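Shown next: target.tsv, given as TSV, C-alpha atoms.
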```
chain	number	residue	atom	x	y	z
S	6	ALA	CA	0.00	0.00	0.00
S	7	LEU	CA	2.55	2.56	1.20
S	8	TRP	CA	6.10	2.22	-0.14
S	9	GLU	CA	7.37	5.81	-0.36
S	10	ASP	CA	8.95	5.65	3.11
S	11	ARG	CA	9.88	1.95	3.01
S	12	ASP	CA	11.89	1.35	-0.19
S	13	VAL	CA	14.55	2.90	-2.41
S	14	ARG	CA	13.54	3.02	-6.08
S	15	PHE	CA	15.44	3.99	-9.22
S	16	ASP	CA	14.08	5.26	-12.55
S	17	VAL	CA	10.72	5.90	-10.90
S	18	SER	CA	7.67	6.94	-12.95
S	19	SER	CA	6.38	10.50	-13.23
S	20	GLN	CA	3.36	9.54	-11.09
S	21	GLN	CA	5.03	7.83	-8.13
S	22	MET	CA	7.14	10.97	-7.62
S	23	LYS	CA	3.94	12.95	-7.04
S	24	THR	CA	2.99	13.85	-3.47
S	25	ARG	CA	0.90	11.12	-1.88
S	26	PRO	CA	-2.27	12.36	-0.09
S	27	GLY	CA	-0.69	12.18	3.36
S	28	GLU	CA	2.68	13.29	1.99
S	29	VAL	CA	3.61	16.96	1.64
S	30	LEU	CA	6.56	18.71	0.01
S	31	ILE	CA	8.79	20.80	2.28
S	32	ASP	CA	11.89	22.07	0.47
S	33	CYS	CA	13.38	21.89	-3.01
S	34	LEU	CA	16.65	22.75	-4.72
S	35	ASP	CA	17.58	22.90	-8.40
S	36	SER	CA	20.94	22.05	-10.02
S	37	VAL	CA	21.77	19.40	-7.40
S	38	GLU	CA	24.09	17.09	-9.33
S	39	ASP	CA	23.98	13.37	-8.58
S	40	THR	CA	27.19	11.52	-7.74
S	41	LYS	CA	28.16	8.00	-6.78
S	42	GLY	CA	26.83	7.62	-10.32
S	43	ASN	CA	29.27	9.34	-12.65
S	44	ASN	CA	26.68	10.50	-15.18
S	45	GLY	CA	27.69	14.12	-14.47
S	46	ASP	CA	24.05	15.11	-14.89
S	47	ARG	CA	22.22	17.79	-12.91
S	48	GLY	CA	18.81	17.48	-11.31
S	49	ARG	CA	16.45	18.71	-8.64
S	50	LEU	CA	16.21	17.51	-5.05
S	51	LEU	CA	13.00	17.39	-3.00
S	52	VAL	CA	12.72	16.77	0.75
S	53	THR	CA	9.13	15.59	1.11
S	54	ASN	CA	7.21	14.50	4.21
S	55	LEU	CA	8.00	10.79	3.87
S	56	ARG	CA	10.95	10.48	1.47
S	57	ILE	CA	13.64	12.32	-0.46
S	58	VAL	CA	13.33	12.47	-4.25
S	59	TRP	CA	15.76	13.52	-6.96
S	60	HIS	CA	14.86	13.93	-10.63
S	61	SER	CA	17.32	14.71	-13.40
S	62	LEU	CA	15.62	18.04	-14.33
S	63	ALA	CA	16.59	17.45	-17.98
S	64	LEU	CA	15.65	13.78	-18.49
S	65	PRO	CA	13.16	13.55	-15.62
S	66	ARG	CA	12.74	9.82	-16.20
S	67	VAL	CA	16.01	8.85	-14.49
S	68	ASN	CA	15.50	9.62	-10.82
S	69	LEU	CA	15.86	8.38	-7.25
S	70	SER	CA	13.40	7.88	-4.40
S	71	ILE	CA	14.74	7.18	-0.90
S	72	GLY	CA	12.48	6.49	2.06
S	73	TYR	CA	13.15	7.73	5.57
S	74	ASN	CA	12.65	4.31	7.16
S	75	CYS	CA	15.51	3.13	4.93
S	76	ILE	CA	18.25	5.68	5.72
S	77	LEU	CA	20.96	5.16	8.33
S	78	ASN	CA	23.27	8.18	8.06
S	79	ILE	CA	23.04	11.63	6.48
S	80	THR	CA	26.25	13.68	6.37
S	81	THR	CA	26.89	17.18	5.04
S	82	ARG	CA	30.39	17.96	3.71
S	83	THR	CA	31.43	21.62	3.48
S	84	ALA	CA	34.56	21.79	1.31
S	85	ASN	CA	35.85	23.16	-2.01
S	86	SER	CA	37.31	26.34	-0.54
S	87	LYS	CA	38.24	29.86	-1.69
S	88	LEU	CA	38.62	28.95	-5.40
S	89	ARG	CA	34.85	29.39	-5.28
S	90	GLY	CA	32.23	29.69	-2.56
S	91	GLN	CA	31.80	27.09	0.15
S	92	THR	CA	29.68	24.42	-1.55
S	93	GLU	CA	28.16	21.54	0.39
S	94	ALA	CA	27.46	17.88	-0.39
S	95	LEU	CA	25.00	15.31	0.94
S	96	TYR	CA	26.02	11.72	1.70
S	97	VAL	CA	23.06	9.41	2.36
S	98	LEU	CA	23.60	5.81	3.48
S	99	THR	CA	20.65	3.46	3.00
S	100	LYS	CA	19.90	-0.17	3.88
S	101	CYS	CA	16.78	-1.67	2.30
S	102	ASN	CA	16.02	-5.40	2.73
S	103	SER	CA	19.69	-6.07	3.53
S	104	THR	CA	21.27	-4.11	0.68
S	105	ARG	CA	23.42	-1.05	1.34
S	106	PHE	CA	23.35	1.91	-1.05
S	107	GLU	CA	25.05	5.29	-0.84
S	108	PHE	CA	24.08	8.43	-2.75
S	109	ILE	CA	26.01	11.71	-3.02
S	110	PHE	CA	24.38	15.03	-3.92
S	111	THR	CA	26.61	17.93	-4.98
S	112	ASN	CA	25.22	21.47	-4.88
S	113	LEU	CA	26.73	22.95	-8.05
S	114	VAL	CA	25.74	26.62	-7.66
S	115	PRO	CA	27.16	27.68	-4.27
S	116	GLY	CA	24.40	30.26	-3.83
S	117	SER	CA	21.75	28.12	-2.11
S	118	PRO	CA	22.94	25.26	0.18
S	119	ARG	CA	20.31	25.64	2.93
S	120	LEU	CA	18.32	22.56	1.83
S	121	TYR	CA	20.82	20.10	3.33
S	122	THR	CA	19.89	21.41	6.79
S	123	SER	CA	16.10	21.03	6.73
S	124	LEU	CA	16.37	17.42	5.56
S	125	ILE	CA	18.30	16.51	8.71
S	126	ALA	CA	15.61	18.19	10.81
S	127	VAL	CA	12.69	16.40	9.19
S	128	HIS	CA	14.53	13.09	9.40
S	129	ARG	CA	14.56	13.43	13.18
S	130	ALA	CA	10.84	14.19	13.01
S	131	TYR	CA	10.47	11.00	11.00
S	132	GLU	CA	12.13	8.84	13.65
S	133	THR	CA	10.79	10.54	16.78
S	134	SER	CA	7.31	9.67	15.39
S	135	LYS	CA	6.93	5.95	14.72
S	136	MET	CA	3.92	5.25	16.94
S	137	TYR	CA	1.92	6.99	14.19
S	138	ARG	CA	2.66	4.56	11.35
S	139	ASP	CA	4.07	1.36	12.86
S	140	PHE	CA	2.98	-1.59	14.97
S	141	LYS	CA	4.47	-2.26	18.40
S	142	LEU	CA	4.12	-4.76	21.25
S	143	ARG	CA	4.31	-4.19	24.99
S	144	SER	CA	5.66	-0.63	24.75
S	145	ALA	CA	5.63	2.05	27.46
S	146	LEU	CA	2.24	3.55	26.63
S	147	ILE	CA	0.32	3.75	29.90
S	148	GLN	CA	0.83	6.40	32.56
S	149	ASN	CA	-0.21	5.81	36.19
S	150	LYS	CA	-3.62	4.65	34.96
S	151	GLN	CA	-4.19	6.55	31.68
S	152	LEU	CA	-2.78	6.64	28.16
S	153	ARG	CA	0.14	8.83	27.09
S	154	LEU	CA	-1.13	10.58	23.97
S	155	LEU	CA	0.92	11.42	20.89
S	156	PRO	CA	1.02	15.10	19.81
S	157	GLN	CA	-1.81	14.87	17.26
S	158	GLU	CA	-3.95	12.32	19.07
S	159	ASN	CA	-6.98	12.38	21.36
S	160	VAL	CA	-9.05	9.46	22.63
S	161	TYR	CA	-12.53	8.74	21.27
S	162	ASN	CA	-13.95	5.84	23.30
S	163	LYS	CA	-12.88	4.67	26.77
S	164	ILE	CA	-14.04	1.08	27.33
S	165	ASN	CA	-13.28	-1.04	30.39
S	166	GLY	CA	-13.23	-4.83	30.50
S	167	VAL	CA	-12.14	-5.68	26.95
S	168	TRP	CA	-10.66	-9.16	26.68
S	169	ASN	CA	-7.86	-10.32	24.37
S	170	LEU	CA	-8.27	-13.60	22.48
S	171	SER	CA	-4.55	-14.21	22.04
S	172	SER	CA	-3.59	-15.18	25.62
S	173	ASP	CA	-5.07	-17.34	28.39
S	174	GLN	CA	-5.22	-15.60	31.78
S	175	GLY	CA	-4.03	-11.98	31.42
S	176	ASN	CA	-6.86	-10.70	29.25
S	177	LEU	CA	-9.21	-8.18	30.89
S	178	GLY	CA	-7.90	-4.76	29.90
S	179	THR	CA	-8.94	-1.29	28.83
S	180	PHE	CA	-9.42	-0.38	25.15
S	181	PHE	CA	-8.43	3.12	23.99
S	182	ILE	CA	-9.69	4.40	20.62
S	183	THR	CA	-7.94	7.39	19.03
S	184	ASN	CA	-7.86	9.16	15.68
S	185	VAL	CA	-4.38	7.85	14.78
S	186	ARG	CA	-4.13	4.41	16.41
S	187	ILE	CA	-6.06	2.02	18.65
S	188	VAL	CA	-4.46	0.55	21.76
S	189	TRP	CA	-5.30	-2.03	24.40
S	190	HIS	CA	-3.50	-2.50	27.71
S	191	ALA	CA	-3.98	-5.33	30.16
S	192	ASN	CA	-5.24	-3.63	33.37
S	193	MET	CA	-3.19	-6.26	35.23
S	194	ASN	CA	0.57	-6.07	34.74
S	195	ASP	CA	-0.17	-3.30	32.27
S	196	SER	CA	2.77	-3.99	29.99
S	197	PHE	CA	0.89	-6.45	27.76
S	198	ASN	CA	-0.46	-3.69	25.53
S	199	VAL	CA	-0.85	-3.62	21.76
S	200	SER	CA	-0.81	-0.36	19.78
S	201	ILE	CA	-2.14	-0.92	16.26
S	202	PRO	CA	-2.03	2.05	13.86
S	203	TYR	CA	-4.79	2.68	11.36
S	204	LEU	CA	-2.09	2.64	8.67
S	205	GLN	CA	-1.31	-1.02	9.38
S	206	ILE	CA	-4.95	-2.11	9.67
S	207	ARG	CA	-6.35	-3.81	6.56
S	208	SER	CA	-9.93	-4.63	7.56
S	209	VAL	CA	-11.85	-4.56	10.86
S	210	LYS	CA	-14.54	-7.25	10.83
S	211	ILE	CA	-16.13	-9.79	13.18
S	212	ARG	CA	-15.91	-13.58	13.33
S	219	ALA	CA	-15.05	-10.96	18.50
S	220	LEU	CA	-13.22	-7.89	17.13
S	221	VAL	CA	-10.97	-9.24	14.38
S	222	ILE	CA	-8.30	-6.84	13.09
S	223	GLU	CA	-5.97	-7.83	10.25
S	224	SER	CA	-2.57	-6.34	9.43
S	225	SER	CA	-1.51	-4.99	6.04
S	226	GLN	CA	1.16	-7.49	4.98
S	227	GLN	CA	3.89	-5.44	6.68
S	228	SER	CA	3.51	-6.57	10.30
S	229	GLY	CA	2.63	-10.02	8.94
S	230	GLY	CA	-0.76	-11.65	9.08
S	231	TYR	CA	-1.33	-10.57	12.69
S	232	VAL	CA	-4.98	-11.31	13.46
S	233	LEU	CA	-6.04	-9.63	16.71
S	234	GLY	CA	-9.13	-10.82	18.55
S	235	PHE	CA	-10.93	-9.02	21.38
S	236	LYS	CA	-14.20	-9.70	23.21
S	237	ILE	CA	-16.38	-7.33	25.23
S	238	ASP	CA	-19.63	-7.21	27.27
S	239	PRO	CA	-23.02	-7.77	25.48
S	240	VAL	CA	-22.57	-7.10	21.81
S	241	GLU	CA	-24.45	-3.79	21.56
S	242	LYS	CA	-21.39	-1.71	22.47
S	243	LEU	CA	-19.42	-4.25	20.43
S	244	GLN	CA	-21.06	-3.48	17.08
S	245	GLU	CA	-21.09	0.19	18.09
S	246	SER	CA	-17.32	0.11	18.53
S	247	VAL	CA	-16.82	-1.84	15.29
S	248	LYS	CA	-18.85	0.61	13.20
S	249	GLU	CA	-17.21	3.67	14.76
S	250	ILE	CA	-13.77	2.08	14.24
S	251	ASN	CA	-14.53	1.48	10.56
S	252	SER	CA	-15.71	5.08	10.19
S	253	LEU	CA	-12.52	6.41	11.79
S	254	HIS	CA	-10.40	4.07	9.66
S	255	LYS	CA	-11.99	5.35	6.45
S	256	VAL	CA	-11.86	9.03	7.43
S	257	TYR	CA	-8.17	8.59	8.25
S	258	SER	CA	-7.33	6.68	5.07
S	259	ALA	CA	-8.96	9.55	3.16
S	260	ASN	CA	-6.00	11.76	4.11
S	261	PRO	CA	-3.17	10.10	6.06
S	262	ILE	CA	-1.38	11.95	8.85
S	263	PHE	CA	2.09	10.37	9.25
S	264	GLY	CA	2.68	12.59	12.30
S	265	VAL	CA	5.81	14.16	10.79
S	266	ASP	CA	5.98	17.50	12.60
S	267	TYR	CA	7.72	20.57	11.18
S	296	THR	CA	17.20	-1.69	-15.01
S	297	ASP	CA	20.89	-1.62	-13.88
S	298	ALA	CA	20.53	1.65	-11.88
S	299	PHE	CA	20.87	0.04	-8.47
S	300	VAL	CA	24.17	-1.52	-9.43
S	301	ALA	CA	25.91	1.87	-9.67
S	302	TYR	CA	24.92	2.95	-6.14
S	303	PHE	CA	26.19	0.14	-3.90
S	304	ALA	CA	27.77	1.34	-0.66
S	305	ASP	CA	30.05	-1.71	-0.48
S	306	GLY	CA	31.21	-1.90	-4.09
S	307	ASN	CA	29.96	-4.67	-6.38
S	308	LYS	CA	28.33	-6.35	-3.37
S	309	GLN	CA	24.60	-6.81	-2.70
S	310	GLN	CA	24.81	-9.71	-0.30
S	311	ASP	CA	25.63	-10.98	3.17
S	312	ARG	CA	26.73	-14.59	3.43
S	313	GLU	CA	25.43	-16.70	6.30
S	314	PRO	CA	26.98	-15.48	9.58
S	315	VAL	CA	28.71	-18.50	11.12
S	316	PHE	CA	30.90	-18.93	14.16
S	317	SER	CA	34.65	-18.36	13.89
S	318	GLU	CA	37.03	-20.54	15.89
S	319	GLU	CA	39.94	-18.20	15.12
S	320	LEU	CA	38.53	-14.99	16.60
S	321	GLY	CA	35.75	-16.24	18.87
S	322	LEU	CA	33.17	-13.98	17.21
S	323	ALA	CA	30.24	-14.51	14.87
S	324	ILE	CA	31.82	-13.78	11.50
S	325	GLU	CA	30.48	-13.68	7.97
S	326	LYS	CA	31.16	-16.88	6.03
S	327	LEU	CA	34.43	-16.89	4.10
S	328	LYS	CA	34.46	-17.01	0.31
S	329	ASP	CA	35.62	-20.33	-1.09
S	330	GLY	CA	39.32	-20.58	-0.23
S	331	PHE	CA	39.94	-17.33	1.64
S	332	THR	CA	41.24	-17.44	5.20
S	333	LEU	CA	41.18	-14.95	8.06
S	334	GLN	CA	44.95	-14.65	8.50
S	335	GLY	CA	45.23	-14.23	4.73
S	336	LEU	CA	42.62	-11.49	4.49
S	337	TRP	CA	44.13	-9.63	7.45
S	338	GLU	CA	47.70	-9.25	6.19
S	339	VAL	CA	48.53	-7.06	3.20
O	494	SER	CA	59.32	71.81	2.63
O	495	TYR	CA	59.96	70.69	-0.94
O	496	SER	CA	57.20	71.18	-3.47
O	497	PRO	CA	55.50	68.08	-4.87
O	498	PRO	CA	56.44	66.83	-8.35
O	499	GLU	CA	52.91	67.53	-9.60
O	500	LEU	CA	49.69	68.81	-8.09
O	501	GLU	CA	47.48	66.23	-9.81
O	502	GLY	CA	45.96	63.50	-7.67
O	503	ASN	CA	44.19	60.21	-8.31
O	504	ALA	CA	41.14	58.56	-6.76
O	505	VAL	CA	40.42	54.88	-7.33
O	506	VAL	CA	37.33	52.79	-6.56
O	507	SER	CA	37.49	49.00	-6.41
O	508	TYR	CA	34.09	47.31	-6.42
O	509	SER	CA	32.46	43.97	-7.23
O	510	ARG	CA	29.74	42.76	-9.58
O	511	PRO	CA	27.72	39.88	-8.11
O	512	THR	CA	27.18	37.36	-10.92
O	513	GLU	CA	25.57	33.93	-11.16
O	514	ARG	CA	28.95	32.31	-11.86
O	515	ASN	CA	30.61	34.00	-8.93
O	516	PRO	CA	28.18	35.52	-6.41
O	517	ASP	CA	31.12	36.84	-4.40
O	518	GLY	CA	31.40	39.22	-7.35
O	519	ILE	CA	34.02	39.82	-9.99
O	520	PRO	CA	36.26	42.71	-8.92
O	521	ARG	CA	36.55	45.83	-11.05
O	522	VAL	CA	38.56	49.03	-10.64
O	523	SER	CA	37.92	52.52	-12.01
O	524	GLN	CA	39.71	55.79	-11.34
O	525	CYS	CA	39.47	59.54	-11.82
O	526	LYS	CA	42.17	62.20	-11.50
O	527	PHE	CA	41.70	65.72	-10.15
O	528	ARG	CA	43.94	68.75	-10.62
O	529	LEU	CA	44.97	70.80	-7.59
O	530	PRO	CA	45.66	74.56	-7.75
O	531	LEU	CA	48.87	76.48	-7.20
O	532	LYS	CA	47.16	78.33	-4.33
O	533	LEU	CA	47.82	75.20	-2.23
O	534	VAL	CA	51.63	75.12	-2.55
O	535	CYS	CA	52.67	78.62	-3.66
O	536	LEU	CA	52.34	82.28	-2.71
O	537	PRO	CA	53.15	85.57	-4.45
O	538	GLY	CA	56.64	86.67	-3.43
O	539	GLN	CA	59.37	89.11	-4.28
O	540	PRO	CA	61.23	88.59	-7.59
O	541	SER	CA	64.98	88.66	-8.08
O	542	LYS	CA	66.91	90.04	-11.04
O	543	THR	CA	69.35	87.15	-11.49
```

Go ahead and render the structure in this file as structure tokens.
Amino acid sequence: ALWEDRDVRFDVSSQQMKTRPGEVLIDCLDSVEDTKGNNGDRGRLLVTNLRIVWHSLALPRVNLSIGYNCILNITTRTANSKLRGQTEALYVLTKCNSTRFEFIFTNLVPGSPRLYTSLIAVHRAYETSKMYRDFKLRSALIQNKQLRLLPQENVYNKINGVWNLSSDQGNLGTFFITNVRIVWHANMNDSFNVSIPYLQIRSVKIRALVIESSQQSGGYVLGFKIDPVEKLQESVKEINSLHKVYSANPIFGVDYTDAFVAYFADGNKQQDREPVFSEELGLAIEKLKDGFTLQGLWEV
Amino acid sequence: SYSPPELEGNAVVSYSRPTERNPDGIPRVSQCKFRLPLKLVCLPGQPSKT
């Protein structure tokens, strides 16, 4: 469903670069040349709400899309002294489904390098806010007896005595309904709580309050049971209404081809062999490559 | 005490043109020369025959 902040795509279409409903553009910069691919071609860089995009600005087909849940390090490099003005450069390190890429972005015209700052800022806002768009078990949600609300979140329905049909004897627990996510704590050792976001929900039906996950947190079917079913169907219908009105415009809580092969961070390596034990060092070491030895790789 | 070699004087401005290629501005220099009067270095005095 949502891939803009979960993958890293190359030669993306002119439509997938367009702002998703919940997405929103923040800052832009022209003439940002792309490097780590020596095409020597200019472009335009965009720091959106969920991902960073770069399109060639002359052949807008060739482009890059990097999600914020797939970046590890972002480094700004101020160099290239007096000969001209102090120009910056952006080094982004990315790891998607165990494959490490690195992209470099060179600001050609030294007259507008401010972009490289705001990105950093929003990236923090992307990581400090993951309870908005991700699924978590047994977190630190509950205060003394109440829920700790996110910034853009207020409770809708406050129901006591809501069971959980995934355990045996620690069930009876409160059920908080909010505009961003729905949570349930256990009211007895209140660290068995589940915080499901509307973004991860696929369909709320009955078989009993069955909630399915959207192929990202796996097929996690959650079952709850309440007092006589009047309030039950009431809660189900209001939950479906809130789900649809959210999916209309997502929130995301962010406050404020061979293309891949030319962007590997390792260098001609998209792999990680099976980590096996090492009797030489005593550490878990990556498997050695068909004849190589540790004391032969170490020396020069 | 000694009189200057010439009364003329120069005045030079060095400025910069901010350009897209070099925002820091390409440096240019232009000058103008003024002419000072004898009334600054001389006075009417007595003449001698030889």

>> Within 12 Å of chain O, which residues belong to chain S? Use all atoms listed in the file and report them as a list in words.
In response: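 Residues of chain S within 12 Å of chain O, counting all atoms listed in the file: residues 87, 88, 89, 90, 91, 113, 114, 115, 116 and 117 of chain S.
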
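One finds atom CA of residue 49 of chain S at 16.7 Å from atom CA of residue 72 of chain S.
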
>> So the first atom is atom CA of residue 202 of chain S and the second is atom CA of residue 257 of chain S; what is the distance between them in Å, to one decimal place?
In response: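 For atom CA of residue 202 of chain S relative to atom CA of residue 257 of chain S, the distance reads 10.6 Å.
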
Contacts of residue 523 of chain O within 8 Å, all atoms listed in the file, excl. fewer than 5 positions in-chain, as a PDB file with C-alpha atoms, in the coordinates of the input:
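Listing of part.pdb after writing:
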```pdb
ATOM      1  CA  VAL O 505      40.420  54.880  -7.330  1.00  0.00           C
ATOM      2  CA  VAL O 506      37.330  52.790  -6.560  1.00  0.00           C
ATOM      3  CA  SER O 507      37.490  49.000  -6.410  1.00  0.00           C
TER       4      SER O 507
END
```

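You can rank S:337, S:235, S:131, S:106 by their closest distance to residue 73 of chain S using all atoms listed in the file, and at the top of that list sits S:131.
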
>> Let me make sure I understand: among S:54, S:198, S:92, S:246, which one has the smallest atom-to-atom distance to residue 30 of chain S if we use all atoms listed in the file?
In response: S:54

> Do you know which residues are at most 10 Å from residue 519 of chain O counting all atoms listed in the file, after dropping those on the same chain fewer than 4 positions away, and could you put them as a ChimeraX atom specification?
Replying inline: /O:508-512,514-515

> Residues around (56.5, 74.3, -3.8), cut-off 8 Å, counting all atoms listed in the file - what are they as JSON, numbers by chain?
Replying inline: {"O": [494, 495, 496, 497, 534, 535]}

> Which one of S:112, S:134, S:103, S:194 sits closest to residue 36 of chain S if you count all atoms listed in the file?
Replying inline: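 Checking each candidate against residue 36 of chain S, we get S:112 as the closest.
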
>> I'd like the interatomic distance between atom CA of residue 12 of chain S and atom CA of residue 75 of chain S, to a tenth of an Å.
In response: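 Interatomic distance, atom CA of residue 12 of chain S to atom CA of residue 75 of chain S: 6.5 Å.
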
> From the list S:137, S:161, S:59, S:316, which residue is nearest residue 265 of chain S when using only C-alpha atoms?
Replying inline: S:137
